[PDB]
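Student: Structure provided below as structure tokens; questions to follow.
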Amino acid sequence: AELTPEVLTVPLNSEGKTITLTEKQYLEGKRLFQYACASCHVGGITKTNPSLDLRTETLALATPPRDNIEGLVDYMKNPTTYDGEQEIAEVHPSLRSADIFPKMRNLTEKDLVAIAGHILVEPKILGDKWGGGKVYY
Amino acid sequence: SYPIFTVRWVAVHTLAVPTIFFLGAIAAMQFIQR
Amino acid sequence: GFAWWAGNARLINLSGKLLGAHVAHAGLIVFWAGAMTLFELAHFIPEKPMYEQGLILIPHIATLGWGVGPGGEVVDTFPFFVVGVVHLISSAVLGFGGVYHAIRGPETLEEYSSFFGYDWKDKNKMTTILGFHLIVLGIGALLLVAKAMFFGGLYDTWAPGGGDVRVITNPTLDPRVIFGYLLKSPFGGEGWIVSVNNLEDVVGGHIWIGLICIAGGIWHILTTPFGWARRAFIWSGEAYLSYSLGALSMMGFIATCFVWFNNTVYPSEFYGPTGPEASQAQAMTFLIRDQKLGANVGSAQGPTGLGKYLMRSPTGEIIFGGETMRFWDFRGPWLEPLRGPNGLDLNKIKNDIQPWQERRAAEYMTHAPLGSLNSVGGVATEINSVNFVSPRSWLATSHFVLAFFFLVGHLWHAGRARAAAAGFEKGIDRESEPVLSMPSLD
Amino acid sequence: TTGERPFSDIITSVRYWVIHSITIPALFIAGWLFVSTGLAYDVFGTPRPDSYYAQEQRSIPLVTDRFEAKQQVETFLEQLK
Amino acid sequence: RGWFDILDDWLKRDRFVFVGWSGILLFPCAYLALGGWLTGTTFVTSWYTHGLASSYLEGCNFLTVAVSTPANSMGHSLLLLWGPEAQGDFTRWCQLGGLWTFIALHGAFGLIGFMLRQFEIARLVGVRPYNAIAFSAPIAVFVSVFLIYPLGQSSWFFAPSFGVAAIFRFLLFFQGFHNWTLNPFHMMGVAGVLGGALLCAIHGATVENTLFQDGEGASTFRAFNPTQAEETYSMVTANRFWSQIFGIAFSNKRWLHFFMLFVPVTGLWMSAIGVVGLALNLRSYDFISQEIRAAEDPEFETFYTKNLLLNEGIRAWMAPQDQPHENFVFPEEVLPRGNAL
Amino acid sequence: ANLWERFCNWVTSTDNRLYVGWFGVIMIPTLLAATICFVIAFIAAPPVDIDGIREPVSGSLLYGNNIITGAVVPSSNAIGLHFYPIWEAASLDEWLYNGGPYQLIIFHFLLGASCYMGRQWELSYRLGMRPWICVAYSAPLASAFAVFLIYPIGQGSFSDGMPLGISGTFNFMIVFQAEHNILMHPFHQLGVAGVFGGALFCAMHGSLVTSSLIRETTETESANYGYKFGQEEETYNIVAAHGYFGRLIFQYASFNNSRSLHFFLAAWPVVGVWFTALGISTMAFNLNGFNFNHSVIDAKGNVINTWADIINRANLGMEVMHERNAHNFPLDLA
Amino acid sequence: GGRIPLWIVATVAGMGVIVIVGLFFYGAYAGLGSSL
Ligand code: CLA
Ligand code: CLA
Ligand code: CLA
Ligand code: CLA
Ligand code: CLA
Ligand SMILES: C=Cc1c(C)c2cc3nc(c4c5[nH]c(cc6nc(cc1[nH]2)C(C)=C6CC)c(C)c5C(=O)[C@@H]4C(=O)OC)[C@@H](CCC(=O)OC/C=C(\C)CCC[C@H](C)CCC[C@H](C)CCCC(C)C)[C@@H]3C
Ligand SMILES: CC1=C(/C=C/C(C)=C/C=C/C(C)=C/C=C/C=C(C)/C=C/C=C(C)/C=C/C2=C(C)CCCC2(C)C)C(C)(C)CCC1
Ligand SMILES: CC1=C(/C=C/C(C)=C/C=C/C(C)=C/C=C/C=C(C)/C=C/C=C(C)/C=C/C2=C(C)CCCC2(C)C)C(C)(C)CCC1
Ligand SMILES: CC1=C(/C=C/C(C)=C/C=C/C(C)=C/C=C/C=C(C)/C=C/C=C(C)/C=C/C2=C(C)CCCC2(C)C)C(C)(C)CCC1
């Protein structure tokens with residue numbers, strides 16, 4: 001098996017347009033994800049709130065949908081709760097809160113796409129392990 | 001007036017020779033990427 | 001007498017070559033302090049907490065109040081550079097003194113000068129060297145007092161507002177406080193001198209120790225040791241090396257416990273949270289999360305019948321539940337706002353938790369000082385991803401190992417000093433075996 | 001003490017290092033090539049990073065028959081063709 | 001003076017590495033066991049027998065590299081290269097685990113060869129053959145663990161695989177499935193090994209600190225002469241010391257050095273017996289009295305019942321990946337777990 | 001003739017069947033206290049709430065244990081590292097429930113054992129011996145300090161110190177592996193190397209000396225009677241042993257100096273055990289064994305499991321099951 | 001005959017191990033078996 005464009009291809013938006021990442025982008029996003037996100041989201045879980053994960057099906061049911069590049073890039077700017085009703089930038093890393101979350105400061109806009117892409121590709125590769133937890137280690 | 005090839009010669013090279021070959025293969029291996 | 005592998009014991013009575021060894025080794029120490037810092041600074045990234053970066057020396061400099069402002073945010077990197085360079089430069093001068101005295105300078109000092117030369121058994125000369133070094137040590141401790149009071153202060157994790165650099169205007173001079181630390185139990189909730197939790201006590205103790213050291217330094221210059229001391233000790237170079245090996249060993253064990261428990265002179269902003277702290281932060285985090293969801297954390301009975309979030313310590317104080325019950329002695333700037341006099345206050349918990357406390361707890365919980373030897377972060381069953389081992393684990397473990405081996409070194413050299421002094425370190429005289437002139441046991 | 005040539009005497013000898021400064025790198029290179037050429041994979045049957053699973057496969061290709069096992073891993077290998 | 005006697009001559013010549021008749025068995029078999037292990041650990045996978053990577057070539061390091069046991073489906077097949085499994089194909093033979101039988105059998109004949117060498121050299125030199133006899137303990141461990149144990153099981157698959165982490169896995173398996181720590185034959189082994197290490201250290205230390213002063217130097221090593229008649233340390237002072245520190249001491253050097261042979265050898269033999277029981281799942285798994293009380297009295301808890309909870313966790317969590325041929329599918333909800341974790 | 005000088009003479013006398021000494025002055029009461037308390041608790045202590053969760057674990061014989069399952073249970077997680085003498089308890093009933101005996105026993109034992117090491121130095125000096133046997137014993141002593149004191153200090157609780165019992169021991173070593181992957185820790189590996197090598201060299205040296213005894217006896221008597229206590233000649237032929245062992249391997253892998261040999265005998269196990277004692281002492285501060293979980297992945301990024309991942313699966317089953325009622329939140333950070 | 005001083009042989013062999021084992025440790029962080 002290998003890192004083919006079918007796997008590197010993920011939804012851009014809710015409309016259904018798609019985007020094909022490059023290998024470089026995927027590894028870029030994987031690296032960036034370890035830098036800014038893995039301390040809480042290692043393997044697609046959320047250690048400070050295990051009830052919410054980064055599985056694609058979970059992101060699909062977030063309000064607004066987050067199973068796509070647009071929704072994830074937005075979330076990294078203005079993160080909300082799962083039903084959309086309150087902005088949680090004060091307690092979640094995001095560009096809007098890079099003052100309090102200094103790691104987010106040097107994240108450019110393409111960095112955000114590579115992070116979002118990593119998140120959407122990894123479940124296609126790792127399967128249930130992505131966001132499944134220790135049961136699947 | 002020493003012998004060159006001995007039983008000793010042979011046990012040494014029985015080990016030393018493939019050790020190096022092996023070290024070369026394991027060296028090449030550090031540059032394999034997925 | 002000595003083989004190549006004990007060859008440094010050839011310098012015992014060669015005072016000039018042995019000075020060379022000491023000063024050249026002092027060079028190695030300054031070199032590493034300088035080189036390591038420059039390595040750390042060259043690899044430092046300010047956006048990232050220091051404790052995600054493998055830093056052990058930059059944290060020591062920040063603590064002195066250089067390079068940082070409120071929150072521990074790094075403002076200026078040049079103080080770090082300066083510290084590196086000057087240590088690195090200085091080591092060439094100590095290197096130079098070292099190699100000269102070891103190779104070219106007089107093998108023995110006592111003929112070039114009756115001041116620098118010494119005999120190990122000259123109890124007067126030895127106590128005088130002691131005194132000079134005590135005074136030096138004394139000055140050194142005041143240097144820290146001076147910084148704190150007259151040159152910019154020290155970083156204060158307890159500063160109102162998230163921590164900041166503060167000048168200490170009222171050092172604690174009361175000896176009931178300073179010395180009270182030295183009589184507290186080393187056990188939990190007491191912690192002997194490891195529990196010092198404010199910079200006033202830190203600065204005041206250094207006033208005392210500087211004074212005491214200067215005083216004792218003068219003492220030992222003017223006196224020779226008294227008879228009860230002359231008869232209780234072995235007077236030789238190896239014997240004195242043994243005495244200091246023991247002291248270093250003890251200090252090393254203390255340091256281990258200091259960096260593991262204390263979040264005042266090792267602020268968590270720089271060093272990462274302590275074990276206890278991280279464990280408290282986890283209970284805080286889910287307490288926060290669950291109460292936002294509607295849970296009544298005060299009234300929530302857990303599996304065992306003990307409160308799921310909140311319970312009582314053995315002396316009644318309200319504390320975090322779960323296994324962290326063992327950590328209720330923890331105090332930290334992010335937690336104390338919640339403490340009333342019965343312990344954690346249910347009403348402050350319901351009403352007064354702030355985003356910054358939430359954030360700090362989430363961060364410390366996910367930066368607990370657990371990791372693998374190859375720096376995979378988290379519990380030992382965790383998968384690869386997070387490259388991280390807390391500075392506190394690196395400093396705790398390294399110094400336990402050294403403290404231990406210096407204790408072995410103490411026993412090795414103390415035992416040997418005794419036997420060389422009594423004259424049987426090389427074995428039993430066959431013609432006069434002590435046991436053979438002793439009566440049989442039975 | 002048994003009549004072979006002392007080891008210390010051999011490895012400081014000029015003649016020794018004249019041969020072995022060739023024979024050691026040649027063997028080190030031989031081994032390199034064994035790997036860099038891919039021959040080691042084929043000799044031993046060791047999977048390459050792209051040929052543990054077929055693309056959409058997560059079944060291990062686990063041998064399950066004693067006397068048909070040769071035909072089994074042969075089948076799994078074609079499920080990569 | 002026939003050919004047999006001429007060859008005996010040549011085999012038994014005093015040379016840097018003595019050959020002997022036993023060298024004919026030892027040397028090929030020892031070299032092939034070791035070659036097979038270095039060969040497999042460098043190049044050969046465990047993908048088809050185990051679903052594991054196991055060689056440097058695959059990305060494994062020194063701790064995780066192993067020569068893994070054959071697939072369970074191979075039963076206790078010899079897995080001869082020319083046999084009906086690999087039908088002469090060296091590549092398939094590697095992929096089916098043939099190197100494991102190779103290593104184990106050539107290793108077995110090498111240990112025999114090695115102990116034959118101990119007998120051979122001791123006869124030629126004129127010493128008693130107690131070092132050979134001692135070596136019987138490592139043979140017993142080897143056969144019982146690598147041969148007998150899997151022969152009582154379903155396949156070689158369940159023998160130890162030749163590797164650092166693979167052996168660690170073997171240890172943990174024996175805790176979770178056999179509760180091997182509870183077994184008095186392992187305990188007697190533990191006391192033999194630990195007792196051995198103790199004796200080793202305590203005897204070395206005593207000699208070095210009851211030395212006679214025979215040279216002028218601070219380095220006491222120089223003052224021994226291999227041909228000296230005299231004891232180089234005082235047994236008398238050693239004996240008084242240990243009698244006063246510990247109450248009893250050795251007084252007989254011969255007993256002492258025999259006891260040093262006896263303790264670790266016996267320890268190993270005892271553990272071999274217990275592994276032989278485990279060949280049959282004949283375990284010291286439980287205490288019946290404890291289970292009966294605990295079934296009836298849910299406030300009754302001991303370290304004995306705590307540890308079985310951990311074995312239950314081990315079995316359920318490791319079985320599906322550790323025995324892939326069984327196709328164990330354990331849905332999340334059947335996995336035993338304590339609270340929260 | 002003065003009273004105190006006569007007392008000092010008796011304390012340090014080489015004529016006492018058992019040496020006392022100044023270290024003896026502390027060791028004897030501390031070890032009596034620890035031995036007496038332990039013996040009573042093993043037989044009769046009631047159950048102890050080791051984990052602070054009001055789930056007492058029965059450790060003594062009269063409460064349904066045997067020799068294999070009984071233990072003096074560690075003190076309550078509720079106490080942590082707090083000192084818990086008897087007189088800090090409302091009553092012995094409280095002290096027993098919360099596991100007071102453990103602390104009493106381990107503190108007296110570690111003192112008494114520390115003084116045992118010192119006592120080894122002291123008699124060595126009174127007898128004109130070289131001094132370092134006590135250094136050999138520092139290795140087991142360090143080990144005991146690791147599991148009774150150091151590991152508790154870093155984890156924050158004596159409830160995680162090693163139980164004083166056979167199955168409690170096993171419990172401690174299974175949990176240690178779940179939480180620290182000690183098998184994959186180099187310092188534990190050096191321990192095994194030091195313990196296995198120790199046993200090997202015990203056998204080797206015993207078998208080689210035994211092999212080369214000089215005939216002094218007949219076939220109808222123990223060979224041991226060929227040595228008489230305090231005889232001045234050696235009782236085996238070390239050149240014969242060298243000649244056999246050097247030929248078993250090769251000449252230069254065999255010792256011909258009995259001093260270097262016996263120092264090698266001493267150092268190998270001592271150092272291995274120093275390291276394994278240090279392993280425990282540093283896993284106390286959670287610098288754990290190597291972690292290669294998911295270290296090997298394929299071209300697509302599938303995880304290719306190794307033996308490390310199998311180890312992990314076992315560790316996970318230990319993790320999730322141990323102290324099954326004690327954890328309310330998802331990470332077991334100590 | 002005995003030309004190369006033994007101490008030179010030892011240092012060069014010495015640094016040759018250092019070098020090769022350094023490569024193996026570097027390989028733990030790069031390529032296969034690196035977690036990446
Ligand atoms: C911190 C480490 C340290 C230090 C400072 C010393 C220092 C010393 N040793 Mg010890 N030694 C050490 C470690 C150390 N040793 C170790 C680890 C071993 C075990 C292998 C030994 C074994 C040993 C033996 C066997 C003997 C000594 C002796 C000596 C003394 C004289 C050596 C001499 O004449 O050199 C001669 C060497 C040279 C001329 C070679 C050049 C050495 C220079 C210093 C290299 C420095 C290079 C540096 C990069 C340049 C910087 C220059 C700049 C600062 C200007 C000297 C005080 C000797 C002694 O006691 O004499 C009575 C002796 O017999 N040592
Ligand atoms: C503690 C370390 C130490 C000690 C005890 C000695 C002792 C000695 N040295 Mg050595 N030396 C040292 C360090 C030391 N030196 C260093 C670091 C260097 C390199 C700079 C040298 C370079 C050196 C040379 C080149 C020579 C000696 C010589 C001598 C002897 C005569 C010195 C004399 O009369 O000076 C008398 C007093 C002075 C020179 C006053 C100097 C004032 C100093 C520099 C100020 C001290 C400030 C402070 C303590 C240092 C810290 C600053 C830093 C933290 C920023 C004497 C035995 C001589 C000798 O034996 O020749 C045969 C000789 O020629 N030394
Ligand atoms: C490096 C530091 C150092 C060293 C090595 C020495 C060394 C010495 N001192 Mg000096 N001393 C020092 C610093 C030092 N001193 C300072 C700073 C002062 C000023 C306060 C003094 C004041 C001083 C006086 C007034 C005297 C000495 C004397 C002596 C000699 C006897 C030492 C002795 O028997 O102590 C052994 C100590 C004891 C037997 C009793 C100590 C009991 C304490 C409580 C033990 C605590 C240990 C515990 C584990 C740690 C916890 C601490 C506790 C408070 C909680 C010896 C040469 C004597 C001498 O002959 O002078 C000429 C003497 O009369 N010293
Ligand atoms: C201030 C510290 C100090 C000082 C000044 C001394 C001084 C001395 N010791 Mg003591 N010793 C100490 C600490 C100290 N020791 C400690 C902490 C221990 C505990 C292990 C000992 C144990 C000890 C023993 C057992 C003996 C001495 C001896 C000696 C004498 C000669 C030693 C020698 O030449 O070493 C030469 C140096 C070497 C042979 C090299 C050793 C290197 C170590 C073992 C390896 C460390 C490697 C490193 C951590 C990782 C490698 C990384 C890689 C990339 C390079 C000398 C008087 C000897 C003695 O009594 O004579 C009087 C002796 O027999 N020492
Ligand atoms: C000398 C020691 C020695 C020993 C004891 C063994 C033992 C073994 N090897 Mg190993 N082997 C050796 C040397 C040795 N080997 C050498 C030097 C090589 C390099 C080529 C190998 C390569 C090797 C491989 C590649 C394999 C083995 C295997 C085996 C096993 C099966 C052997 C078998 O069934 O034999 C059967 C044959 C005999 C027992 C010979 C009996 C002699 C008969 C009675 C005489 C017949 C003479 C004939 C009738 C006269 C002429 C007839 C006419 C045509 C003219 C066994 C454990 C296999 C294994 O481990 O599988 C897991 C395997 O695959 N060996
Ligand atoms: C893991 C522990 C362990 C090892 C590695 C070990 C090793 C050894 N012991 C020997 C001897 C002894 N061992 C003895 C007692 C003991 N030995 C013990 C434990 C061990 N002994 C214990 C605890 C005791 C106490 C009773 C005695 C009394 C002797 C000796 O007389 C002898 C000696 O000379 O010691 C100095 C040597 C036999 C050499 C040989 O047969 O050459 C020939 C090599 C052959 C035949 C190849 C065997 C192939 C093996 C069995 C299978 C393959 C192994 C792989 C290649 C490597 C696997 C590595 C992974 C598992 C990690 C060898 C150095
Ligand atoms: C005696 C002896 C010994 C020892 C030795 C020693 C220990 C030495 C020392 C030495 C030393 C201790 C050295 C030092 C050096 C120093 C130097 C020489 C420095 C340099 C620096 C510089 C020049 C700088 C530069 C810079 C700057 C300024 C800035 C930043 C960057 C840089 C870095 C570039 C031995 C063991 C061998 C042996 C025997 C004898
Ligand atoms: C700074 C500081 C502080 C303070 C501190 C101090 C001030 C300290 C002190 C300390 C001290 C004050 C110490 C001391 C010590 C002591 C010791 C350590 C001793 C020892 C002893 C010995 C060792 C002895 C011995 C002997 C005997 C017993 C008998 C006879 C013989 C002899 C002599 C040998 C505080 C915390 C506040 C805070 C922070 C900072
Ligand atoms: C199986 C088989 C066979 C055989 C094989 C062989 C015989 C092999 C060999 C092989 C070999 C014979 C190999 C070797 C190699 C080795 C190696 C690969 C080594 C490595 C080393 C190392 C890396 C080390 C290092 C180090 C360290 C780390 C530390 C200490 C020091 C030293 C330097 C040691 C045949 C053909 C019959 C066919 C059938 C199959």
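All residue names refer to the structure tokens as shown: chains lettered A, B, ... in order, residues numbered from 1 in each chain, ligands numbered from 1 in order.
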List all protein, DNA and RNA residues that have any atom at most 6 Å from ligand 6, counting only C-alpha atoms and all ligand atoms, and write the list as JSON, numbers by chain.
Tutor: {"E": [30, 33, 34, 37, 103, 104, 107, 110, 111, 114, 131, 134, 135, 137, 138, 162, 163, 164, 264, 265], "F": [196, 199, 200, 203, 204]}
Student: Find the residues of chain B that sit at most 9 Å from ligand 9; for each, write down the nearest two atoms and how far apart they are in Å, to one decimal. Count only C-alpha atoms and all ligand atoms. Sort by chain, then by number going up, and give it as JSON lines.
Tutor:
```
{"residue": "B:14", "atom": "CA", "partner": "ligand 9", "partner_atom_place_in_ligand_line": "12 (C)", "distance": 7.0}
{"residue": "B:15", "atom": "CA", "partner": "ligand 9", "partner_atom_place_in_ligand_line": "12 (C)", "distance": 4.9}
{"residue": "B:16", "atom": "CA", "partner": "ligand 9", "partner_atom_place_in_ligand_line": "12 (C)", "distance": 7.3}
{"residue": "B:17", "atom": "CA", "partner": "ligand 9", "partner_atom_place_in_ligand_line": "12 (C)", "distance": 7.5}
{"residue": "B:18", "atom": "CA", "partner": "ligand 9", "partner_atom_place_in_ligand_line": "11 (C)", "distance": 4.9}
{"residue": "B:19", "atom": "CA", "partner": "ligand 9", "partner_atom_place_in_ligand_line": "15 (C)", "distance": 3.7}
{"residue": "B:20", "atom": "CA", "partner": "ligand 9", "partner_atom_place_in_ligand_line": "15 (C)", "distance": 7.0}
{"residue": "B:21", "atom": "CA", "partner": "ligand 9", "partner_atom_place_in_ligand_line": "15 (C)", "distance": 7.5}
{"residue": "B:22", "atom": "CA", "partner": "ligand 9", "partner_atom_place_in_ligand_line": "18 (C)", "distance": 4.9}
{"residue": "B:23", "atom": "CA", "partner": "ligand 9", "partner_atom_place_in_ligand_line": "18 (C)", "distance": 5.3}
{"residue": "B:24", "atom": "CA", "partner": "ligand 9", "partner_atom_place_in_ligand_line": "18 (C)", "distance": 8.7}
{"residue": "B:25", "atom": "CA", "partner": "ligand 9", "partner_atom_place_in_ligand_line": "18 (C)", "distance": 8.7}
{"residue": "B:26", "atom": "CA", "partner": "ligand 9", "partner_atom_place_in_ligand_line": "18 (C)", "distance": 7.3}
```
Student: Identify, with DSSP run on backbone atoms, the residues in segment 1-211 of chain F assigned to alpha helix (DSSP H), and express the list as a PyMOL selection string.
Tutor: chain F and resi 3-11+21-44+92-97+100-126+133-145+151-155+166-180+186-211
Student: Within 8 Å of chain G, which residues belong to chain B? Use only C-alpha atoms and report them as a PyMOL selection string.
Tutor: chain B and resi 27+30-34
Student: Would you mind exporting N, CA and C atoms of the selected residues as a PDB file, in the first residue's frame?
Tutor:
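Wrote it out as out.pdb, contents follow:
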```
ATOM      1  N   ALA B  27      24.173  -0.436   7.492  1.00  0.00           N
ATOM      2  CA  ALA B  27      24.430   0.982   7.263  1.00  0.00           C
ATOM      3  C   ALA B  27      23.522   1.515   6.163  1.00  0.00           C
ATOM      4  N   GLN B  30      19.943   2.596   7.089  1.00  0.00           N
ATOM      5  CA  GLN B  30      19.553   3.818   7.807  1.00  0.00           C
ATOM      6  C   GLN B  30      19.034   4.896   6.884  1.00  0.00           C
ATOM      7  N   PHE B  31      19.161   4.707   5.575  1.00  0.00           N
ATOM      8  CA  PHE B  31      18.725   5.666   4.579  1.00  0.00           C
ATOM      9  C   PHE B  31      17.509   5.199   3.817  1.00  0.00           C
ATOM     10  N   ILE B  32      16.989   4.013   4.127  1.00  0.00           N
ATOM     11  CA  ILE B  32      15.701   3.598   3.596  1.00  0.00           C
ATOM     12  C   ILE B  32      14.610   4.456   4.203  1.00  0.00           C
ATOM     13  N   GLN B  33      13.716   4.940   3.354  1.00  0.00           N
ATOM     14  CA  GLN B  33      12.566   5.701   3.788  1.00  0.00           C
ATOM     15  C   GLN B  33      11.312   5.031   3.241  1.00  0.00           C
ATOM     16  N   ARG B  34      10.178   5.292   3.877  1.00  0.00           N
ATOM     17  CA  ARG B  34       8.935   4.680   3.415  1.00  0.00           C
ATOM     18  C   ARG B  34       8.325   5.570   2.346  1.00  0.00           C
TER      19      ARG B  34
END
```
Student: Need to verify the contact set: residue 42 of chain D, 12 Å, only C-alpha atoms, exclusion of same-chain residues closer than 2 positions in sequence. Can you return it as a CSV table (one decimal) with N, CA, C and O atoms, in the first residue's frame?
Tutor:
```csv
chain,number,residue,atom,x,y,z
D,34,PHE,N,24.1,-5.2,-1.3
D,34,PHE,CA,23.1,-6.2,-1.0
D,34,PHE,C,21.7,-5.6,-0.8
D,34,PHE,O,20.7,-6.0,-1.3
D,35,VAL,N,21.7,-4.5,0.0
D,35,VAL,CA,20.5,-3.7,0.4
D,35,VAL,C,20.2,-2.7,-0.7
D,35,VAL,O,19.0,-2.6,-1.1
D,37,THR,N,20.6,-2.3,-3.8
D,37,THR,CA,20.1,-2.9,-5.0
D,37,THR,C,18.7,-3.5,-4.8
D,37,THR,O,18.1,-3.8,-5.8
D,38,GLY,N,18.3,-3.8,-3.6
D,38,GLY,CA,17.0,-4.5,-3.4
D,38,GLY,C,17.1,-6.0,-3.3
D,38,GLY,O,16.1,-6.7,-3.0
D,39,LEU,N,18.3,-6.6,-3.6
D,39,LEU,CA,18.4,-8.0,-3.6
D,39,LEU,C,18.1,-8.7,-2.3
D,39,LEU,O,17.6,-9.8,-2.2
D,40,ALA,N,18.4,-8.0,-1.2
D,40,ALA,CA,18.1,-8.6,0.1
D,40,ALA,C,16.6,-8.8,0.3
D,40,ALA,O,16.2,-9.8,0.9
D,44,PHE,N,15.3,-13.0,0.7
D,44,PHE,CA,14.6,-13.4,1.9
D,44,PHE,C,13.1,-13.3,1.9
D,44,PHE,O,12.4,-13.9,2.8
D,45,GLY,N,12.5,-12.7,0.9
D,45,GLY,CA,11.1,-12.5,0.9
D,45,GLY,C,10.6,-11.5,1.8
D,45,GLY,O,9.4,-11.5,2.2
D,46,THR,N,11.4,-10.6,2.2
D,46,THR,CA,11.0,-9.6,3.2
D,46,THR,C,10.2,-8.5,2.5
D,46,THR,O,10.7,-7.9,1.5
D,47,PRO,N,9.0,-8.2,3.0
D,47,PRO,CA,8.2,-7.1,2.3
D,47,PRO,C,8.9,-5.7,2.3
D,47,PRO,O,9.5,-5.3,3.3
D,48,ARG,N,8.7,-5.1,1.2
D,48,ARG,CA,9.1,-3.7,1.0
D,48,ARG,C,8.0,-2.8,1.6
D,48,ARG,O,6.8,-3.2,1.7
E,43,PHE,N,17.5,-9.4,8.2
E,43,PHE,CA,16.8,-9.4,7.0
E,43,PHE,C,15.4,-10.0,7.0
E,43,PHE,O,14.6,-9.6,6.1
E,44,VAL,N,15.0,-10.8,7.9
E,44,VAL,CA,13.8,-11.6,7.7
E,44,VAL,C,12.7,-11.1,8.5
E,44,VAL,O,12.8,-10.7,9.7
E,45,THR,N,11.5,-11.2,7.9
E,45,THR,CA,10.3,-10.7,8.5
E,45,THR,C,9.5,-11.7,9.3
E,45,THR,O,9.9,-12.9,9.3
E,90,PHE,N,14.1,-21.6,-0.5
E,90,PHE,CA,14.7,-20.9,0.6
E,90,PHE,C,13.9,-19.7,1.0
E,90,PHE,O,13.9,-19.3,2.2
E,91,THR,N,13.3,-19.0,0.0
E,91,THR,CA,12.6,-17.8,0.3
E,91,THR,C,11.4,-18.0,1.1
E,91,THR,O,11.2,-17.5,2.2
E,92,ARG,N,10.5,-18.9,0.6
E,92,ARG,CA,9.4,-19.4,1.4
E,92,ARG,C,9.8,-19.9,2.7
E,92,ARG,O,9.1,-19.6,3.7
E,94,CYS,N,12.2,-19.1,4.7
E,94,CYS,CA,12.3,-17.9,5.6
E,94,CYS,C,11.0,-17.4,6.0
E,94,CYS,O,10.7,-17.2,7.2
E,95,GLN,N,10.1,-17.1,5.0
E,95,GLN,CA,8.8,-16.6,5.2
E,95,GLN,C,7.9,-17.5,6.1
E,95,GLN,O,6.8,-17.0,6.6
```
Student: Just the number, please: distance in Å from atom 8 (C, counted along the ligand's line) of ligand 7 to atom CA of residue 61 of chain C, one decimal.
Tutor: 26.2 Å
Student: Please build the interface table for chain A against chain D with a cut-off of 9 Å, listing for each qualifying residue the nearest atom pair and the distance in Å to one decimal; count only C-alpha atoms, order rows by chain and increasing number, and write it as a Markdown table.
Tutor:
```
| residue | atom | partner | partner_atom | distance |
| --- | --- | --- | --- | --- |
| A:1 | CA | D:55 | CA | 4.2 |
| A:2 | CA | D:50 | CA | 5.6 |
| A:4 | CA | D:55 | CA | 8.8 |
| A:125 | CA | D:56 | CA | 8.9 |
```
Student: Let's have the selection written as an mmCIF file, in the first residue's frame, with C-alpha atoms.
Tutor:
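Dumped everything to selection06.cif:
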```cif
data_model
loop_
_atom_site.group_PDB
_atom_site.id
_atom_site.type_symbol
_atom_site.label_atom_id
_atom_site.label_comp_id
_atom_site.auth_asym_id
_atom_site.auth_seq_id
_atom_site.Cartn_x
_atom_site.Cartn_y
_atom_site.Cartn_z
ATOM 1 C CA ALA A 1 0.000 0.000 0.000
ATOM 2 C CA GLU A 2 1.102 3.634 -0.357
ATOM 3 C CA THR A 4 -1.873 7.606 -3.210
ATOM 4 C CA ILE A 125 -5.034 5.306 6.609
#
```
